[PDB]
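These are the residues of each chain, in order.
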Amino acid sequence: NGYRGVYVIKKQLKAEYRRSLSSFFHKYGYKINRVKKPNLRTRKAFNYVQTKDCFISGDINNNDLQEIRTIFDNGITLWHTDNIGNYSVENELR
Amino acid sequence: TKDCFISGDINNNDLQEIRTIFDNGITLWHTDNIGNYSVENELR
Amino acid sequence: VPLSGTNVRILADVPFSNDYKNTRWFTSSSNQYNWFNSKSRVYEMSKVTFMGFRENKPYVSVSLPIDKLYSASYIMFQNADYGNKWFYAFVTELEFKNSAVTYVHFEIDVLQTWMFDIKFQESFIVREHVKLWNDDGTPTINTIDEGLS
Amino acid sequence: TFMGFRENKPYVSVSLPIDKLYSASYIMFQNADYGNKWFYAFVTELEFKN
């Protein structure tokens, strides 16, 4: 029946789950779980950012500074174009 | 029930209260001996 | 959202509430108006002023006994200064002020009021109703784990 | 001049009828003490006093 040698079978998830996960990643990026400085303006259209216990300093009354930490700890989307909310765009790097 | 739907000519406030009552669970009695669970409680 | 109204109408028998679990969706404002216009008018005023003042207690004074306004469920009104736009609101509570004068409390129905001004953008959909059957009679593919026995 | 004083709810007096500002959403201004720095703010509520 012609079975000899070695076979390489390549597999990927179904269309339904590709659509599902791709759309989630497009809007909310990836799970990172790193302590590092955040990516604020690396994409052409928008950057989603969610931190935990973030550190932010500056010449700011601590009250406003605390509010700002809270904002990033809750997650926020930073837009780099005037078309705010339009997620159809590619949102490629740079 | 859970998230029950109930309509009627009722101010929505009372209607909301009634939905809540069924969402929390309630026993509807059909005899005067309220609370007596010894009975057979057969169909019909 | 205005604090003085024209063409004010208090309606009976509007079947949804500020729980916002249900609403009647419309394809146009004209259709929306026609639907509300077929409701019984419990009371009407040509020109009136709204109070509250304090947040969350907005209301309109009506010259009827509180028993006569029990059927009241909804309010619609226009504002002379923003054209032919209709504002819609739930009647939330009747407050007895004087006899022969009730304070009718209301809360802007944000769905009905802004129905055609809202633009929905891409969102995480937890549940929705989807296409069930292909043209050829085959089922569509929906296999997301429902977690129901 | 800004008000909201002791009331702790800041606001600015405008000489327009409340209907003239229904589209208002945001405020920006400079301060003599902070150079050419711009301050930005949400409009949260229109109050009819006069």
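Criteria and thresholds
Residues numbered from 1 in each chain as written, not as in the entry; some residues may be left out. Chains lettered and ligands numbered in written order. Part of a larger assembly, values for the part shown. Heavy atoms only, no water. Contact = heavy atoms within 4.5 Å. Buried area = accessible area lost by both parts, 1.4 Å probe. Salt bridge = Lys/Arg side-chain N within 4 Å of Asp/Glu carboxyl O. Polar contact = N/O pair within 3.5 Å; in protein donor to acceptor, adjacent residues only side chain to side chain. Helix = DSSP H or I, 4+ residues; strand = E, 2+ residues; numbered from the N terminus. Buried < 20%, exposed > 50% of the residue type's maximum accessible area, 1.4 Å probe, protein only. Patch = residues over 30% accessible without salt bridge, like charges linked within 9 Å, V, L, I, M, F, W, Y side chains within 5 Å. Areas by Shrake-Rupley, 256 points an atom, 1.4 Å probe, with all protein chains shown as cover. Pairing = 2+ DSSP bridges. Core = buried A, V, L, I, M, F, W, Y, C linked by side-chain atoms within 4.5 Å.

Participant: Mind laying out the interface of chain C and chain D, listing which residues take part and the relevant values?
Facilitator: Contacts between chain C and chain D engage five residues on the former and five residues on the latter. Both faces combined, the contact of chain C with chain D buries some 440 Å², and carbon together with sulfur accounts for 62% of it. Of all residues in chain C, the largest losses of buried area upon contact with chain D belong to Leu3, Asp81 and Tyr82 of chain C, amounting jointly to 75% of the total for that side. Run the count over chain C and chain D and you get zero salt bridges. Across the contact surface, chain C and chain D share zero residue pairs in polar contact.

Participant: Tell me about the environment of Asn134 of chain C, and name the residues and values.
Facilitator: All names here are of chain C. Positionally, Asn134 belongs in the segment after helix 2 (110-114). Residue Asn134 is classed as partly exposed on the basis of its relative accessible area of 25%. Contacts of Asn134, omitting those with residues within four sequence positions, involve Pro139 and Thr140. One polar contact links the side chain of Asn134 to the main-chain carbonyl oxygen of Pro139, over a distance of 3.4 Å.

Participant: Break down a nonpolar patch on the surface for me, with residues and values.
Facilitator: Together, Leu13, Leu21, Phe24, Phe25, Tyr30 and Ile32 of chain A together with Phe124 and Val126 of chain C give the surface a local cluster of nonpolar side chains, amounting to about 860 Å² of exposed area. Note on placement: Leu21 of chain A falls in helix 1 (residues 15-28).

Participant: An account of the pairing of strand 5 (residues 86-98) of chain C is needed here, citing residue identities and associated values.
Facilitator: Residue and element names in this part refer to chain C. Relative to strand 5, strand 4 (residues 72-78) is paired through five bridges, and the arrangement is antiparallel. If you follow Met76 over to strand 5, its bridge partner there is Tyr88. The pairing of strand 5 with strand 6 (residues 101-108) spans eight bridges and is antiparallel. Residue pairing across strands places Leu94 opposite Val104, the latter belonging to strand 6.

Participant: I'd love a proper account of the interface of chain B and chain C, names of residues and values included.
Facilitator: Each side of the interface is counted separately: chain B has 10 residues, and chain C has 11 residues. Note on chain B versus chain C: buried area summed over both sides is about 700 Å², and carbon and sulfur give 30% of it. Of all residues in chain B, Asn11, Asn12 and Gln16 of chain B bury the most surface against chain C, accounting for 51% of the area lost on that side. Remark: the boundary between chain B and chain C carries one salt bridge. The salt bridge involving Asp19 of chain C is made with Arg19 of chain B; its shortest N-O contact spans 3.9 Å. Linking chain B with chain C are five residue pairs in polar contact.

Participant: A description of the nonpolar core should follow, citing residues and the corresponding values.
Facilitator: Across soluble globular proteins, nonpolar side chains have a tendency to be buried as a group. All names here are of chain C. Formed by 17 residues in total, the largest nonpolar core has its most connected members in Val60, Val62, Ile75, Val104 and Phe106. With residues up to four places along the chain from it excluded, the contact list for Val104 reads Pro58, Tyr59, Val60, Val62, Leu69, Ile75, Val91, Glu93 and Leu94. One finds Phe16, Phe36, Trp86 and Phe90 within the second-largest nonpolar core, a separate group that totals 12 residues.

Participant: Before we move on, can you summarise the pattern of salt bridges with the specific residues and values?
Facilitator: Applying the stated criterion to the full structure yields six salt bridges over all chains. When the shortest N-O distance is used, the salt bridge between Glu92 of chain A and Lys44 of chain A registers 3.6 Å. In this pair, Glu92 of chain A sits in the segment after strand 2 (76-79) while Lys44 of chain A sits in the loop between helix 1 and strand 1 (46-49), placing the two residues 48 residues apart along the sequence. The partner of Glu146 of chain C in a salt bridge is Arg127 of chain C, with the nearest N and O atoms 2.9 Å apart. Of this pair, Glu146 of chain C sits in the segment after helix 2 while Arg127 of chain C is found in the segment after helix 2, placing the two residues 19 residues apart along the sequence.

Participant: Let's hear about unusual backbone geometry: which residues, and what values?
Facilitator: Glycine aside, negative phi is the norm for most residues, and most peptide bonds take the trans geometry. Residue and element names in this part refer to chain C. Phi angles above zero are rare outside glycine, and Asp13 is one such case at about 65°. If you trace the backbone, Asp13 turns up in the loop between strand 1 (4-12) and helix 1 (29-37). The phi dihedral of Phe53 is positive, around 80°, even though this residue is not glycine. By secondary structure assignment, the location of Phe53 is in the loop between strand 2 (41-49) and strand 3 (59-62). Judged by its relative accessible area of 74%, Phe53 falls in the exposed class.

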